[PDB]
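To start, the structure itself, in structure tokens.
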Amino acid sequence: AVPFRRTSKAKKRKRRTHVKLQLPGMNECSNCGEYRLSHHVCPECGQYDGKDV
Amino acid sequence: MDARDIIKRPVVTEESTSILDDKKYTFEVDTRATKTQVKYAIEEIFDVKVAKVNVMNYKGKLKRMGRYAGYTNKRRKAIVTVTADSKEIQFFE
Amino acid sequence: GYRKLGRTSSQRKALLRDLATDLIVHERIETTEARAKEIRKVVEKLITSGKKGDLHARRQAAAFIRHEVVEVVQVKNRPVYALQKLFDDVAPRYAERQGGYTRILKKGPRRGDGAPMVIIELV
Amino acid sequence: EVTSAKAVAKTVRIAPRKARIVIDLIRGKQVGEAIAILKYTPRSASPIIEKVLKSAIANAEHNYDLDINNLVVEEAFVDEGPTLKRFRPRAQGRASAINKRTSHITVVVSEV
Amino acid sequence: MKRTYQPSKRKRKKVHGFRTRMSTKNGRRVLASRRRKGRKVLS
RNA sequence: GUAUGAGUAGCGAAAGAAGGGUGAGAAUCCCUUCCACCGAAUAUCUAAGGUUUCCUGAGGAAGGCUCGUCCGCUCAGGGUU
RNA sequence: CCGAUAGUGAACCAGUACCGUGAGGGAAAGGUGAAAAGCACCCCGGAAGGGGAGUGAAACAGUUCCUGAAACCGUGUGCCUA
Ligand SMILES: [Mg+2]
Ligand SMILES: [Mg+2]
Ligand SMILES: [Mg+2]
Ligand SMILES: [Mg+2]
Ligand SMILES: [Mg+2]
Ligand SMILES: [Mg+2]
Ligand SMILES: [Mg+2]
Ligand SMILES: [Mg+2]
Ligand SMILES: [Mg+2]
Ligand SMILES: [Mg+2]
Ligand SMILES: [Mg+2]
Ligand SMILES: [Mg+2]
Ligand SMILES: [Mg+2]
Ligand SMILES: [Mg+2]
Ligand SMILES: [Mg+2]
Ligand SMILES: [Mg+2]
Ligand SMILES: [Mg+2]
Ligand SMILES: [Mg+2]
Ligand SMILES: [Mg+2]
Ligand SMILES: [Mg+2]
Ligand SMILES: [Mg+2]
Ligand SMILES: [Mg+2]
Ligand SMILES: [Mg+2]
Ligand SMILES: [Mg+2]
Ligand SMILES: [Mg+2]
Ligand SMILES: [Zn+2]
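Protein chains in written order, with UniProt numbering: chain A, 2 to 54; chain B, 1 to 93; chain C, 2 to 76, 88 to 135; chain D, 4 to 115; chain E, 1 to 43.
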């Protein structure tokens, strides 16, 4: 329950190859003209489905 | 000792200014002075007629100005009430 | 299989009663995702009970609504309570509509803990 | 000349390993898309990197007279800074070290 | 569970105080040693 | 002085919810309503001990096992008859 | 004879901070520039912090500030690699 040998740099980076985080799923609101999350209410023009809320 | 030695200076704050209207005057006195000595110091300096005297002992506050620690001077506050028929001490002109 | 919301059986029922009553009064509240998805069903069943309009239905609903004042009207000051609003205002609005008295709109993560917040309203 | 501009935020209280996971998303992208990416990534390092990026764009437009619409992010990296050493009292009368780390954030924008 | 140090002003002054030190040959030796080392507080 | 273990263990008994406000920024600060807990105490006094931690106005570097517009924290003035 | 791990424990508000009921034990910490001439003013930000402009011989000397090695942490690329 304790490391026998210390971890090199190569093995550390090899393990960390999968610790990234993904890109957001966004596109551009037709009314706003700038980016927003799909299936979400855009915060600039305050509209969803072409209707203000 | 001398009357002007056991009376140091007036206290000018919001509380003292508030109570000046009630013929009460707040002063700063020596740390070795009893209230009788205070009553005789005043009335001899200001030529009034004192009714009662209350005294208060304050400790020093721990201050600091960077790596340096110390205490402010210990005080002794006194409140002197003159009688109804006496005059009034001016304080601020 | 409904949904446990990180809290025990008695605590969960108390939470559902609070959110259901808050939605009747204000008609537009902002909560998390699962919490709104759960209060949706209870609010809609409660509105159906109001649609029935009976005295028995009124007692059934009163066994769930929290007893709090919506607002005071000058009839003489006489407050109106949540059950009165449910059976006099909210229920007649959807007399011609069968189901689906609520909608859910997504907002985005909360700052403090990244919780996905939504806004749920009764229209 | 001077086709690029940069901005640096020095000694920001954020561990470098937690900022070098957000700053890898915006490397080599348009500034508009990079701002949008930082806006919708729910990490704690997004506002800081976004502020640095907007400052870099602002002083690229003001000092060097470039176009906002024609900019890309060339370089972006996080460098270490001084650490504050604190302790946490463990069981049986002994303490363990705690490292409050800081970082330096740099972003460089330029014409395409 | 109670610990070894239970503070009290009077006990401290009666056991480790200055007059207690000055009332004995060996207490005076302690005071002289502390003066020699140049310590800020005696007793 | 800086690494590996590693973004891993842990974050120290407990019921919260919504609506307004402030603010560059709010699960965490203020206000309202509902709910819940202790009640021979988790209530009210007073000794020992501590020694300004008390109040007002400002502040968010560090401290607070998160956040903080807040604080028993920082600054400046007061307060014990 | 030493030259900041050396030389007194102490080149710096040192028998101080801190530890202990007490006797007692007992540290760490030097250097901007010849001269503050210590960055007017503009821009991003709440601020911190930056990019220009200016002083300077030098700002890659900017209030632990002469020189700035190694461990350690990164960005780019020539050759190799499932
Ligand atoms: Mg008295
Ligand atoms: Mg005193
Ligand atoms: Mg003094
Ligand atoms: Mg029960
Ligand atoms: Mg031990
Ligand atoms: Mg212990
Ligand atoms: Mg493991
Ligand atoms: Mg695990
Ligand atoms: Mg806790
Ligand atoms: Mg709110
Ligand atoms: Mg009970
Ligand atoms: Mg207070
Ligand atoms: Mg914090
Ligand atoms: Mg305070
Ligand atoms: Mg040297
Ligand atoms: Mg030495
Ligand atoms: Mg002591
Ligand atoms: Mg010099
Ligand atoms: Mg500035
Ligand atoms: Mg500058
Ligand atoms: Mg310059
Ligand atoms: Mg020049
Ligand atoms: Mg020189
Ligand atoms: Mg240097
Ligand atoms: Mg090197
Ligand atoms: Zn839109």
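Even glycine gets a Cβ: it sits at the ideal position worked out from N, Cα and C.
Extent of the continuous alpha helix (DSSP H) run through residue i
i: D:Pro50; result: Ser49 to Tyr67
i: D:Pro19; result: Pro19 to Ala22
i: D:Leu74; result: From DSSP, D:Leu74 is part of no alpha helix (DSSP H) but of the beta strand (DSSP E) over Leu74 to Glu83.
i: C:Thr49; result: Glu34 to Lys53
i: B:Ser18; result: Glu14 to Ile19
i: E:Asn26; result: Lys25 to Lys37
Straight-line Cα distance separating residue j from residue i
i: E:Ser43; j: D:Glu83; result: 50 Å
i: A:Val54; j: A:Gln48; result: 6 Å
i: C:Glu108; j: C:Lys52; result: 10 Å
i: B:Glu28; j: E:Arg12; result: 35 Å
i: C:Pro91; j: C:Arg29; result: 22 Å
i: D:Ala39; j: D:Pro50; result: 12 Å
i: D:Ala79; j: D:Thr105; result: 17 Å
i: D:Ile52; j: B:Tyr58; result: 53 Å
i: A:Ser39; j: A:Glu29; result: 9 Å
i: D:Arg91; j: C:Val135; result: 53 Å
i: A:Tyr36; j: D:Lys13; result: 30 Å
i: C:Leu47; j: C:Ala62; result: 6 Å
Run of the beta strand (DSSP E) containing residue i, from where it starts to where it stops
i: C:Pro121; result: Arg115 to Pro121
i: D:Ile108; result: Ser106 to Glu114
i: D:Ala100; result: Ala98 to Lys103
i: C:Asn89; result: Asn89 to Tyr93
Local Cβ density within 10 Å of residue i, reported as buried at 16 or more and exposed below that
i: E:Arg10; result: exposed
i: E:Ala32; result: exposed
i: D:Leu87; result: exposed
i: A:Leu24; result: exposed
i: D:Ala10; result: buried
i: C:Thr32; result: buried
i: B:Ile45; result: exposed
i: C:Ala94; result: buried
i: B:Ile6; result: buried
i: D:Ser113; result: buried
According to DSSP, residues forming a beta bridge with residue i
i: D:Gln33; result: D:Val75
i: A:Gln48; result: A:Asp53
i: C:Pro128; result: C:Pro121
i: C:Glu133; result: C:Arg29 and C:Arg115
i: A:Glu29; result: A:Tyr36
i: C:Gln75; result: C:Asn89
i: D:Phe90; result: D:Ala100
i: B:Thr26; result: B:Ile79
- [ ] Note down, in chain order, all residues in the region 9-31 of chain A with a beta-carbon under 8 Å from any beta-carbon belonging to chain D.
- [x] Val20, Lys21, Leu22, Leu24, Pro25 and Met27
Task: Where the region 22-42 of chain D meets chain A: residues whose CB sits under 9 Å from a CB there - done: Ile24, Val25, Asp27, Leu28, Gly35, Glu36, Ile38, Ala39, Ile40 and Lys42
Open item on the list: Please identify, using Cβ separations under 7 Å, the residues of the region 101-134 of chain C that lie next to chain A, in order along the chain.
Closed with: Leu117, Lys118, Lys119 and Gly120
Task: Residues of the region 33-45 of chain A whose Cβ lies closer than 8 Å to any Cβ of chain D, in chain order - done: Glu35, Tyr36 and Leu38
Open item on the list: To be precise: take each residue of the region 44-70 of chain D, compare its Cβ to all Cβ atoms of chain A, and keep it if any distance is under 8 Å. Which residues remain?
Closed with: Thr44 and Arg46
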